[PDB]
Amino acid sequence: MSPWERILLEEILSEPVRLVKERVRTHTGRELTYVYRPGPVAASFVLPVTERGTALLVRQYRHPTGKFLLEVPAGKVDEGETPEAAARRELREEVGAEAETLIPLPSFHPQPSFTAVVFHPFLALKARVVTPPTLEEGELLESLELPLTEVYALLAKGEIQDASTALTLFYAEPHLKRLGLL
């Protein structure tokens, strides 16, 4: 029941990111070219909290912005992998950590006007570093540990620029207070 009809779907790029340019007939009966990153595609985000009430985060270079941003560990869900498995895998790769319970938080689309990607946030409890990180070529980041009170102060001060990290923190807050970690 799509309101727009496909006329022609052209692949503009296949790797490292698939991008398409689609000519469609809109609700006005006119034609329009829409450019986007097609689905199905997803990524998992995980706020790793330790038993000491601290969070394991990453300070990561994000080339398009030219900045190093404070973010929760996160990454693309591989083919046939569940969001929870991707969350645990990226946590291990980026911070060298493992966790016990992973509480699922509301999923969201970071930029639905351009990409079909769905981001799956999680709150990981009893997070602990157990091995050295294993980063891919392309990943420039350092892991760090911050008291939850400081992380939420930064959030309140509007200093968390990565939207997904900020949203994950907002969704995690009530759970953290309930669990007595915040």
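Just count from 1 along the sequence shown to find any residue number.
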| request: Using the B-factors recorded in the PDB entry, average over the C-alpha atoms of 60 to 68 and of 127 to 135, then report which stretch comes out higher. | output: 127 to 135
| said: Tell me which stretch, 88 to 96 or 73 to 81, has the higher mean Cα B-factor listed in the entry. | reply: 73 to 81
| Deposited CA B-factor, highest of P48, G29, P121, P38 | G29
| task | Could you check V20, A172, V17, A166 and tell me which one carries the biggest Cα B-factor in the deposited entry? | result | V17
| task | Determine, from the deposited record, the chain-internal third of the Cα B-factor for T33: lowest, middle or highest. | result | middle
| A156 - Cα temperature factor, lowest/middle/highest third of chain | highest
| C-alpha B factor of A55, ranked within the chain: lowest, middle or highest third? | middle
| said: Using only modelled residues of the chain, where does the Cα B factor of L141 rank: lowest third, middle third or highest third? | reply: middle
